[PDB]
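Right, one structure below, let's go through it.
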Amino acid sequence: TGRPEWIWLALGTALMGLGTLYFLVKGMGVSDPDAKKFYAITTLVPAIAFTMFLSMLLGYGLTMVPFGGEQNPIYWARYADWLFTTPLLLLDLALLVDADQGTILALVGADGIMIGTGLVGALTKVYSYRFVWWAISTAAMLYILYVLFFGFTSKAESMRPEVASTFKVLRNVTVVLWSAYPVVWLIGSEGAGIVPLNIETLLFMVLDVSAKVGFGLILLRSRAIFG
Ligand SMILES: CCCCCCCCCCCCCC(=O)OC[C@H](COP(=O)([O-])OCC[N+](C)(C)C)OC(=O)CCCCCCCCCCCCC
Ligand SMILES: *C/C=C(C)/C=C/C=C(C)/C=C/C1=C(C)CCCC1(C)C
């Protein structure tokens, strides 16, 4: 009966599910208050992803948008996942380096703009204006990456070296993974239409699992989260 990207939505669901269960069991077993905060934020991340992957697998979160002369499938539920999960990831990073309150507000604001303007782009009917929204979104993304690379690293230098070195691995993972998203959007079913929907779903699933479960495994096994 159903669409060919179903298999990657199914594999996504299973990996986000097992990662959530694993983080939950390890988290409930620790007593340190600082570690526990990291566990709570980091378990919630793949939990939200699991629910959105499951919804899309069962045929929700999907709409048709007319552009370029034809009717194009667009998965909007992805944006509902990212709207909450991307700022939770940034909060992990900010807590790890003791970032200022004003910095966090600015980053979460920027992140909201990135996801909101990405979604507006995805839903826009005049082909060339899709890319105006994409460009605004990518600018907001680049501001985030600049602040993580220059501002957060400088804050990390005032921490003990094992905290600084955990931050640097997470930072490097984040910059590499996050910088690929605007490229997948540009060339896939939301932008140019070159890479088909099934392969695009495969790419976003690998990126998402790496950015959430991978990131999580690295953070939650470090000594850096302990009080
Ligand atoms: C990360 C941020 C960096 C990117 C920022 C700028 C990059 C340089 C892009 C400029 C190229 C476009 C200029 C052009 O060349 O001509 C103008 C083009 C004609 O468009 P129009 O005749 O429909 O009316 C438009 C008139 N109006 C807007 C009032 C309705 O202005 C447009 O629309 C607007 C489309 C341009 C903005 C989005 C850039 C395209 C990005 C990549 C596209 C990739 C293709 C695979
Ligand atoms: C768990 C999900 C993660 C870590 C997702 C990150 C998603 C982005 C960095 C998305 C960025 C986008 C742009 C830069 C422009 C166009 C569309 C967006 C949402 C895909």
Side-chain angles (χ1 to χ4, degrees), residues 8-9 12-13 15-17 19-20 23 41-53 56 61 65 67-69 72 74-94 107-149 170-195 197 200-201 203-219:
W8 312 117
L9 264 15
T13 302
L15 296 176
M16 295 297 189
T20 307
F23 299 165
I41 295 163
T42 313
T43 300
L44 187 56
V45 168
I48 290 169
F50 165 87
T51 73
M52 295 306 183
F53 270 103
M56 297 191 273
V65 184
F67 54 96
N72 306 118
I74 299 286
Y75 276 103
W76 65 264
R78 245 190 255 294
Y79 301 86
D81 164 352
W82 299 346
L83 180 68
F84 303 102
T85 57
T86 56
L88 292 167
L89 289 168
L90 302 174
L91 183 65
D92 270 343
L93 299 174
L107 281 180
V108 177
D111 192 296
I113 293 168
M114 180 182 81
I115 301 303
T117 61
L119 176 60
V120 173
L123 302 168
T124 294
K125 299 186 218 73
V126 169
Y127 209 155
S128 79
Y129 301 165
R130 304 176 63 81
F131 296 106
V132 171
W133 298 108
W134 169 91
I136 291 166
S137 183
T138 303
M141 194 207 58
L142 293 167
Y143 169 76
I144 294 167
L145 296 190
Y146 183 94
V147 170
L148 297 180
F149 190 76
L170 301 169
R171 181 201 64 187
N172 284 178
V173 163
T174 302
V175 168
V176 171
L177 293 176
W178 293 31
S179 67
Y181 286 79
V183 174
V184 176
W185 200 103
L186 186 70
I187 71 183
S189 63
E190 276 116 337
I194 300 157
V195 177
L197 184 50
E200 187 183 3
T201 302
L203 299 170
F204 283 135
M205 188 263 285
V206 175
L207 297 171
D208 282 5
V209 171
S210 298
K212 293 180 165 72
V213 178
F215 180 110
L217 281 160
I218 292 171
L219 178 59

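Start at 1 and go down the list; that is how both ligands and their atoms are numbered. Counting begins at 1 with the first residue of the sequence. Computation of the quantities below employed the complete heavy-atom set of this structure, encompassing side-chain atoms and omitting hydrogens, waters and symmetry-equivalent molecules.
- The shortest contact between atom 21 (P) of ligand 1 and any protein heavy atom is with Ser128 OG, 4.2 Å.
- With respect to atom 7 (C) of ligand 2, the closest heavy atom belonging to the protein is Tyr181 CD2, 3.5 Å.
- Within the structure, ligand 1 has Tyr129 among the residues with a heavy atom less than 4.0 angstrom away.
- Rounding to the nearest 0.5 angstrom, the gap separating the CE atom in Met56 from the CH2 atom in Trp76 is 10.0 Å.
- Atom 19 (C) of ligand 2 has its closest protein heavy atom at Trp82 CZ3, 3.7 Å.
- Close contacts of ligand 2 with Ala211, meaning ligand atoms under 4.0 Å from a residue heavy atom, involve 4 (C).
- Distance remark: protein heavy atom not present below 4.0 angstrom from atom 15 (O) of ligand 1.
- A side chain to side chain contact (heavy atoms under 4.5 Å, CB included) with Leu203 is found for exactly one of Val184, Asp208, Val183, namely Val184.
- Of the protein's non-hydrogen atoms, the one nearest atom 9 (C) of ligand 2 is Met114 CE, 3.8 Å.
- Listed by atom number, the atoms of ligand 2 under 4.0 Å from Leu89 heavy atoms are 4 (C).
- More than 12 heavy atoms of other residues, nucleotides or ligands shown are found within 6.0 angstrom of OH on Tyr127.
- Side-chain contact between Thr138 and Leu142 is present, with at least one heavy-atom pair separated by less than 4.5 Å.
- Distances below 4.0 Å separate heavy atoms of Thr138 from the following atoms of ligand 2: 14 (C), 15 (C).
- For atom 30 (C) of ligand 1, the protein comes within 4.0 Å by at least one heavy atom.
- Counting heavy atoms closer than 4.0 Å to ligand 1, residue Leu186 contributes side-chain atoms (C-beta onward) but none from N, CA, C or O.
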**OP:** For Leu186 and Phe131, run side chain to side chain contact (heavy atoms under 4.5 Å, CB included): C-alpha distance rounded to whole Å, both residues' side-chain angles, the deciding distance at 0.1 Å, then the answer.
**Re:** CA-CA 8 Å; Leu186 186 70; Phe131 296 106; 3.6 Å; yes
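- Interface of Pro182 with ligand 2, defined as ligand atoms under 4.0 Å from a residue heavy atom, comprises 14 (C).
- Each of the atoms 2 (C) of ligand 2 lies under 4.0 Å from some heavy atom of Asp208.
- The nearest heavy-atom contact from the protein to atom 40 (C) of ligand 1 is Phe131 CB, 3.9 Å.
- At a threshold of 4.5 Å between non-hydrogen side-chain atoms, the residues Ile115 and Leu119 do not count as touching.
- Side-chain contact between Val213 and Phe23: present, with at least one pair of heavy atoms (C-beta onward) separated by less than 4.5 Å.
- Looking at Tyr79, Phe131, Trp178, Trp134, it is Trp178 that brings a heavy atom closest to atom 4 (C) of ligand 2.
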**OP:** I would like to know whether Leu90 and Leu148 meet side chain to side chain contact (heavy atoms under 4.5 Å, CB included); could you show each step before the answer?
**Re:** CA-CA 9 Å; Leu90 302 174; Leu148 297 180; 4.0 Å; yes
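- Looking at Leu119 against ligand 2, nothing comes within 4.0 Å, counting heavy atoms.
- Put simply, the side chain of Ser137 never gets that close to the backbone of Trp133: no donor and acceptor are under 3.5 Å apart.
- In this structure, atom 7 (C) of ligand 1 has no protein heavy-atom contact shorter than 4.0 Å.
- At distances below 3.5 Å, at least one donor-acceptor pair connects side-chain atoms of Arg130 with backbone N or O atoms of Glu190.
- Annotation for ligand 2: atoms under 4.0 Å from non-hydrogen atoms of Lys212 are 1 (C), 2 (C), 3 (C).
- The side-chain heavy atoms of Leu197 and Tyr75, taken from C-beta on, include a pair separated by under 4.5 Å.
- For atom 15 (C) of ligand 2, the nearest protein heavy atom (residue, atom name, distance) is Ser137 OG, 3.2 Å.
- Ranking the protein heavy atoms by distance from atom 41 (C) of ligand 1 puts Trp134 CZ3, 4.0 Å first.
- Using a 4.5 Å cut-off on side-chain heavy atoms (C-beta onward), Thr201 and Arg78 make contact.
- Within the 3.5 Å criterion, the main-chain N or O of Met141 finds no donor-acceptor partner in the side chain of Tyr146.
- Between the side chain of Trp185 and the backbone N or O of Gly191 there is no donor-acceptor pair closer than 3.5 Å.
- If you check each of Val132, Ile136, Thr138 against atom 1 (C) of ligand 1, the one with the closest non-hydrogen atom is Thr138.
- The nearest heavy-atom contact from the protein to atom 17 (C) of ligand 2 is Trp185 CD1, 3.4 Å.
- Counting protein heavy atoms only, atom 4 (C) of ligand 1 is closest to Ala135 CB, 4.0 Å.
- Distances from atom 23 (O) of ligand 1 to the protein include at least one heavy-atom value under 4.0 Å.
- Under the 3.5 Å distance criterion, the side-chain polar atoms of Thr86 are left unmatched by any main-chain donor or acceptor of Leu83.
- Per-atom contact check: atom 44 (C) of ligand 1 touches the protein, criterion being a heavy-atom distance below 4.0 Å.
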